[PDB]
2 protein chains.
Amino acid sequence: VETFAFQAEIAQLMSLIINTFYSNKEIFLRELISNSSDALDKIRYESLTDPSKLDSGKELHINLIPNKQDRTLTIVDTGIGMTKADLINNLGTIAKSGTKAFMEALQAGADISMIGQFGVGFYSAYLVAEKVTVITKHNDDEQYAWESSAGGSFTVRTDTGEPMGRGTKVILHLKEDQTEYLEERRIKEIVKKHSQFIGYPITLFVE
Amino acid sequence: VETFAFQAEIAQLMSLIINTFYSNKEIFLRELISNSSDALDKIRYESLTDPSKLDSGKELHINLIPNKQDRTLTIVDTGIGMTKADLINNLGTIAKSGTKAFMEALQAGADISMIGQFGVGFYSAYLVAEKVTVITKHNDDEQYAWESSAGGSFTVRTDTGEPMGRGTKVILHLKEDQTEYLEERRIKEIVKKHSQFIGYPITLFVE
Ligand SMILES: CCN(CC)C(=O)c1ccc(O)c(OC)c1
Ligand SMILES: CCN(CC)C(=O)c1ccc(O)c(OC)c1
């Protein structure tokens, strides 16, 4: 298990997300679904000139898996996935510069819901989750598990768990007062409201 | 000079853009600026683990260059640029699937301004231009010039013109009745309206 420190600006972004009074929390799902869409676009583009890219899995889609027992909402995609380097480098984002722009925007009247426009939408997972676990598999690497409960550090380990084939799995360990996001009609409402133009199937699992 | 046929679905997207009565043409600039932002994000991300990626040019920005003599509006960025393969493969887009989703959306009430959400925003250049020339330079290839006046075909040639260092240059040969997009206050208005959260400098050249 390797423990790393977040870059200062990312710890601050996470602190802002966690600490700010801000009711419109539901947007975390749209931001995660959108990152999944972007990863799927990437593998699909690569497959256009190299069909073998899809050897690790031909279907391009997203599953939403609520689990009330464990209190987790899981967002799985079969997109391009991430290498160990992508994971350590702020999950494939340009987070330092994105955080800088987001902060300026907030100072000038933007609100937290606009986070995705600064390319750090992943971190909005902290609006609802106390701990976030990311399992990922890229064609060019082995499966890894990234994890953080914020607090300025994250871990990375080689994942021994069930093999994924290819893609990214975001496991949200939901805060005690955010269990509405495990409820079927609430998830369906949010998907329909914010993710109506996502070009891949989104399957909501039932329990 | 190599001449290629557009895939059928792209020729149809272009025909739709060109033929539909649709007044809100100004959005082409926001879509091009946004593609440039995405290319810049890409090179910046690569530079995070490999500083030499920026050997071909350290500054990450966008220039807007109107030229009333030639009737061209040029959008230059110093982003990641495109290889010959990217160019032939619909300028690095997943255009067939993106066109499919855009068409469905239009049929269900979307309008042309939402084109960028389907990842084929580049083609909105045809709302204002009769011919579009794209000059591009990727670290992994030499400089190329892609060109199309629609009509179902595009060309690709190795570019002999002034060397770019790295990035993408979109030269819009504007339609005779679209010269307002060469006017300073009109360009400035559009940038301010639609591109206020682009995290790179956008320099509007004067003539
Ligand atoms: C670098 C590839 N990538 C992003 C396009 C993913 O696999 C990915 C998918 C979903 C996410 O929520 C995510 O969080 C950042 C990353
Ligand atoms: C594949 C890299 N890329 C797109 C991210 C560009 O260089 C690029 C930049 C501006 C554009 O208008 C464009 O048109 C599609 C492409």
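Since A:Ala129 meets every condition but one in (1) more than 13 Å from ligand 1 (Cβ to nearest atom); (2) in contact with a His (Cβ under 7 Å, 6 or more places away or on another chain), which condition does it not meet?
(1)
Output the number of the condition that B:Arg71 fails; it satisfies all remaining conditions of (1) within 14 Å of another protein chain (Cβ to nearest Cβ); (2) in contact with an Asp or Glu (Cβ under 9 Å, 6 or more places away or on another chain).
Going through the list (1) within 14 Å of another protein chain (Cβ to nearest Cβ); (2) in contact with an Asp or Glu (Cβ under 9 Å, 6 or more places away or on another chain), B:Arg71 breaks only (1).
Quick check, is A:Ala150 of a type in the set (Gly, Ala, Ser) and either within 14 Å of chain B (Cβ to nearest Cβ) or within 14 Å of the chain's Cα centre (by Cα) (or both)? Give the steps one after another, and end with the answer.
On the way: of a type in the set (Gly, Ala, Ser): yes; either within 14 Å of chain B (Cβ to nearest Cβ) or within 14 Å of the chain's Cα centre (by Cα) (or both): no.
The answer is no for A:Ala150.
Out of (1) within 30 Å of B:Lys58 (Cβ to Cβ); (2) surrounded by fewer than 21 Cβ atoms within 10 Å (Cβ to Cβ), the odd one out for B:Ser149 is which?
(1)
Hey, any hits in the range A:83-92 for a residue that's facing chain B (nearest Cβ under 9 Å), within 16 Å of ligand 2 (Cβ to nearest atom) and closer than 21 Å to A:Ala39 by Cα?
yes
Return yes or no: is B:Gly98 surrounded by 22 or more Cβ atoms within 10 Å (Cβ to Cβ) and within 14 Å of ligand 2 (Cβ to nearest atom)?
yes
Please pick out the residue among A:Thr168, A:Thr179 that is away from chain B (no Cβ under 14 Å) and out of contact with any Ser or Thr (no Cβ under 6 Å at 6 or more places or on another chain). Can you show your working first?
Values: A:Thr168 fails: out of contact with any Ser or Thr (no Cβ under 6 Å at 6 or more places or on another chain).
Selected residue: A:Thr179, the only one of A:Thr168, A:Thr179 that is away from chain B (no Cβ under 14 Å) and out of contact with any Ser or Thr (no Cβ under 6 Å at 6 or more places or on another chain).
Condition first: crowded, with 17+ Cβ neighbours inside 10 Å, in contact (Cβ under 8 Å) with a residue 40 or more places away in the chain and within 16 Å of B:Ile27 (Cα to Cα). Can you find one or more residues in the range B:154-170 that meet it?
Yes, the range B:154-170 has at least one match.
For the list (1) within 16 Å of ligand 2 (Cβ to nearest atom); (2) farther than 21 Å from A:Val128 by Cβ, I need the number of the one condition that A:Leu40 fails.
(1)
Tell me, which strands (runs of 3 or more DSSP E) lie completely within the range B:139-207 with 1 or more residues that are away from ligand 1 (no atom under 16 Å from the Cβ) and closer than 27 Å to B:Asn89 by Cβ?
In the range B:139-207, the matching strands (runs of 3 or more DSSP E) lie at B:144-148, B:153-158, B:167-174.
Is it the case, given these coordinates, that B:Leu13 is within 14 Å of ligand 2 (Cβ to nearest atom), closer than 24 Å to B:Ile202 by Cβ and within 18 Å of the chain's Cα centre (by Cα)?
It is false that B:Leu13 is within 14 Å of ligand 2 (Cβ to nearest atom), closer than 24 Å to B:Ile202 by Cβ and within 18 Å of the chain's Cα centre (by Cα).
Tell me, yes or no, whether the range B:53-63 has at least one residue that is buried (at least 23 other Cβ atoms within 10 Å of the Cβ) and out of contact with any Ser or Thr (no Cβ under 7 Å at 6 or more places or on another chain).
Checked against the condition, which is being buried (at least 23 other Cβ atoms within 10 Å of the Cβ) and out of contact with any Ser or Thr (no Cβ under 7 Å at 6 or more places or on another chain), the range B:53-63 yields no hits at all.
Given (1) within 14 Å of chain B (Cβ to nearest Cβ); (2) in contact with a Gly (Cβ under 8 Å, 6 or more places away or on another chain); (3) within 20 Å of A:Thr99 (Cβ to Cβ), where does A:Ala11 come up short, assuming only one miss?
Of the numbered conditions (1) within 14 Å of chain B (Cβ to nearest Cβ); (2) in contact with a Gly (Cβ under 8 Å, 6 or more places away or on another chain); (3) within 20 Å of A:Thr99 (Cβ to Cβ), the odd one out for A:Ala11 is (1).
For neighbour counting, all protein chains shown are included, and Cβ atoms are generated from backbone atoms with ideal geometry for every residue, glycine included. Quick note: the coordinates plus some simple rules give every number you see, no bench work behind them.
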